[PDB]
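The chain below stands alone and is given as structure tokens, in the form deposited without ligand ACO.
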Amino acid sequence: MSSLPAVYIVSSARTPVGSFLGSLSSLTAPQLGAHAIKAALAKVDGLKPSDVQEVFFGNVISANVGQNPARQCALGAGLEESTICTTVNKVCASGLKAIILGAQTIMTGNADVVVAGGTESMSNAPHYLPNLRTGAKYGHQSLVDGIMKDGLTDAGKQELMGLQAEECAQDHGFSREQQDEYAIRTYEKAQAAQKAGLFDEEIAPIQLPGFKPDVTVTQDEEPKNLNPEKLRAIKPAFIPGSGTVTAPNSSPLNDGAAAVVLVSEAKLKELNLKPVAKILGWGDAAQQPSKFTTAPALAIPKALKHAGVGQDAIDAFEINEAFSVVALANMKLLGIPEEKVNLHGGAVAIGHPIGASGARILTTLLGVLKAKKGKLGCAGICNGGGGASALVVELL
């Protein structure tokens, strides 16, 4: 990756993460994305939105969003109609794959300024009626939940990803109690970061105009929901009796978007821009679809090798918490101590808007590195279907 032209992150921003049918459920996925894009660009001293040439934006459940979600995000943010816009779907990894593709587009010389990230409005995912065109002459018929179908169910086995999380708990020996105490810890980290103002810089608050008083949404909705007694007492969510995965120790369904602004070396110098970070390398990997939970154990070493960095040099990791067991298993397989992982909490406590989470964890990682005075960060995120994506950054 060294022999490849440099790619700088000059800013990042994210919406608050809203709960399912909660604080941001009135906004569409492109409205969330536009908000994150516009906020990220407003931070770059010396760069105009009209300088952005190309947009890659993740989005998984695109049904009823309309033509090209990424284009709607770009135009809604005030970018020029000349902007090249592509929507990316690598399930839960879409937001990070989008940033990788944006970096590659600078590296091959086809752009000098790129916005990448992702968005998801799980609240506004529709239901589907699949057989109306040819008809169904007789019988009860099904209305398909688009979240379940296109977001949460492995296509091969037709099983929800929570069931494959159980397979992870069984394979790697994590109990209900280990997953619950992880969840409590990541909720406590998210609450502590919230209360300390450590998300204030990365979050762009959302103003909802009154139809009625206006409402400003400022903080992530989920972290405050921790109730330790209830979390430890709730029934398993996917396997009765012997199940270890619960709604409290899994990621919720959520709404949100996140964006980063990328520039080439030449553009950085031309406009005298202050870089936040440098992309050092990345890696995608995949294995058996039902073992998607531990695909980050392949992608992270691959990204570190691409970046020319040893695992021990990393100051902070973001390992996306699709489930508590996913963070536990990948820490075990890679030998990464928890005190280097999700230092401000993870998706179990913060929320998991699936198309945006890969970019959300990168935004949060940059805030962790600044707050903890770190230099090298690595973000890794698994995705339904067996994949994972990982990226290494250097704070400047």
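Residue indices: 1-based, along the sequence shown.
Only in words, not in the display: the form deposited with ligand ACO bound, which the text now covers.
- Heavy atoms within 4.5 Å of ligand ACO in the entry with it bound are found in exactly one of 222-230, 255-263, 99-107, 276-284, that being 222-230.
- Among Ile84, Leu129, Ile234, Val215, the residue placing a heavy atom within 4.5 Å of ligand ACO in the entry with it bound is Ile234.
- Residue in contact with ligand ACO in the entry with it bound (any heavy atom within 4.5 Å), chosen from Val113, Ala74, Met161, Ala125: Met161.
- Across the proposed site, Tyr182, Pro301 and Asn330 without exception lack any heavy atom within 4.5 Å of ligand ACO in the entry with it bound.
- Contact annotation: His352 falls within 4.5 Å of ligand ACO in the entry with it bound, judged by heavy atom distances.
- A residue is said to contact a partner when one of its heavy atoms sits within 4.5 Å of a partner heavy atom; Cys382 meets this definition for ligand ACO in the entry with it bound.
- The closest non-hydrogen atom of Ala316 lies beyond 4.5 Å of ligand ACO in the entry with it bound.
- Using a 4.5 angstroms limit between non-hydrogen atoms, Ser251 touches ligand ACO in the entry with it bound.
- Taking a 4.5 Å heavy atom cutoff to ligand ACO in the entry with it bound, the contacting residues in 322-350 are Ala322, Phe323.
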